[PDB]
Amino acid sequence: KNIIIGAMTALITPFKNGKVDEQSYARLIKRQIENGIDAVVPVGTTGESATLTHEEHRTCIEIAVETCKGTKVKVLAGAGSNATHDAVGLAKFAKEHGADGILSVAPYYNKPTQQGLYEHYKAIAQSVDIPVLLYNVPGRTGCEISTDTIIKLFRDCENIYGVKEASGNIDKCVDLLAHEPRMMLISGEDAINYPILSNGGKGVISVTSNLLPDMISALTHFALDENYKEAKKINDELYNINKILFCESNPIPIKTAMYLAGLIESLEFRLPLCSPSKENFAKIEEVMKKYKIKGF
């Protein structure tokens, strides 16, 4: 199977005057490229995919694809939807417009059964010939892709090559890789990046790397080379910022940190997301002082 692994960033989507700041988006992607990241994920959860129009979603995939041409960096395009018809449409767009693969979140809100999840992902995977990474985040979807469903999709669909796990369940990661060691398990939870990598996970899709791309890339590459002492030391170092970035719902804290770092121009969200509380604003600012934040 063709795969997309390594250190990857779930890119934030910056806004200016209620519109996607497209120049800022391209600049942020180049900062990721220049700090050792292996792939970028435009318009995932961290990118506010729920509040982007279909047009904006497509534009952000194209900017990422265009910005990564001539580099080793891949584009794993966010293409999930709780309607299979729309997920297939986004998958086909990403494939036709030069993405290296797609991320596809488990359907949210409508809680499909395991049989429904299987048919959803099989319809997506059959619609394109690029790699597909499943994405399990039950705290946000109300749904869970069981280990059995994940393994069946991996074995039955040629292009489904792994899963991004954001469930905080290390037993499930042992279960997955013990029964199917060929799949690419990708960490979707920054605080436990190293435990997942040390059990044979092959990458991370990181929120923290928006702010500290060099540290997340280093952790991942240390771990992939089995330099576990160095990988754990960075994962330990990053614990405080990894937690503070979820004091409020992602991406409110990371966008706050990017603004406090002077990386984005305005602290703008699309409703129902909004800026954090005054208290959390101060907590994020205080934790940031313990880290060295690269500029442009």
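Don't overthink the numbering: it's just position in the shown sequence, from 1.
- Checked against the record, the higher mean CA B factor of 60-68 and 262-270 lies with 262-270.
- Stretches compared: 219-227, 123-131. Higher mean C-alpha B-factor in the entry: 123-131.
- Among 208, 167, 198, 82, the highest C-alpha B-factor in the deposited entry belongs to 167.
- Sorting the modelled residues of the chain by their CA temperature factor places residue 37 in the middle third.
- Compared with the other modelled residues of the chain, the Cα B-factor recorded for residue 49 ranks in the highest third.
- In this PDB entry, residue 193 carries a Cα temperature factor that places it within the lowest third of its chain's modelled residues.
- Residue 288 sits in the highest third of its chain by CA B factor, as recorded in the PDB entry.
- The entry lists a Cα temperature factor for residue 148 that places it in the lowest third of the chain's modelled residues.
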